[PDB]
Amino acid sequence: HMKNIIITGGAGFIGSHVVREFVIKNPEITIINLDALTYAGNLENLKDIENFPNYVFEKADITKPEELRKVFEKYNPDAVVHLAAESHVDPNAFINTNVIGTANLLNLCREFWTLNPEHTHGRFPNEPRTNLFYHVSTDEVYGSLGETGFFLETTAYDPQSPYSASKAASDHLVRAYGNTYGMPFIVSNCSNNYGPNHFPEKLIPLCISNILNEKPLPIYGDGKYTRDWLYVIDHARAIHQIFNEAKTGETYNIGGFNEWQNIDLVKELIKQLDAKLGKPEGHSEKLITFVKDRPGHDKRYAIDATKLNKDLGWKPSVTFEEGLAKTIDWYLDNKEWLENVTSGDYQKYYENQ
């Protein structure tokens, strides 16, 4: 049985929800939140569980092997759930964190875990797991879609941005260390997340803000850019379930079983926010502002997560409309959190507390 589990990037958006899921569901396991607290981390995300007996925070940078080694020595971790990553494109910082950072963690897992030479080359035992490297990644490793089709676990990688190339690289390292050294691993690739603790500059929170403040809602081209949207709480639940139930070495796609054009997303937020505030039907549609089309905005990103449901029974707990309702409710209930991010005060949390 596992006694210590590291969650990297646990101060972030998705990571805080995963930290919460593991802490709540596993009181007999120490959950180590390992995080460098970049601009993207927000320890205010975990104010509710920060005084739990099985939660511990460690400020550390996965590009610094010496700092990671100190955490590995301190806790002797049985497993890593790896969410730490950089999306801002020191022009190679994102490669340092996403690729070298993943290798640094893998090297320490290879060093601290006792790997069996008999399990290399896909020969993972059906026996229960003692260790696991759980790698969280993005559906952008698969590239983009035309009008038909979906991302499957068998879809050829075709990352189209520097960020998604660096994430695709980290996926490859995990799988190659699994094959070459017998390191137990899982990889999951998920669609765009949304929900509580999303930073206010992100798409959905920004649209909520622009609607409440009667600011224009820019629509590029015809707004036909299309994404599957996954509720962050559903994502964290899937990671936990897969971590516990999936066969070693599997890949699962995780998504919300939908696909939405941006114009329809904006129109749904307008619909819910006008009704929420008792405004007339269609009140905020005058905010929609059609602008020029971005090159490649005519792209489609739609994950197929049917393998995950077929194997483990996981399914989303909300439709996108229901998830937006909870997201709007959370937004309107957390004026302070939102303002602490916008003001930059959120970063003083580690020093102040």
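In case it trips you up, residue 1 is the first one in the sequence shown, and so on.
Gap between residue 89 and residue 90: 4 to 9 deposited residues without coordinates. As recorded in the PDB entry, 90-98 is the stretch of 90-98 and 150-158 with the greater mean C-alpha temperature factor.
Comparing 319-327 with 38-46, the higher mean C-alpha B-factor in the PDB entry belongs to 38-46. Of the candidates 75, 257, 260, 252, the deposited coordinates give 75 the top C-alpha B factor. You'll see in the entry that, of 312, 287, 302, 305, the Cα B factor peaks at 287. In this PDB entry, the Cα temperature factor of residue 190 sits in the bottom third of its chain's modelled residues, the lowest group. In the deposited entry, the Cα temperature factor of residue 113 places it in the highest third of its chain's modelled residues. Ranked against the other modelled residues of its chain, the C-alpha B-factor of residue 235 as given in the entry falls in the lowest third. Split the chain's modelled residues into thirds by C-alpha temperature factor. Residue 197 is in the middle one. Looking at the C-alpha B-factors along this chain, the one for residue 213 belongs to the highest third.
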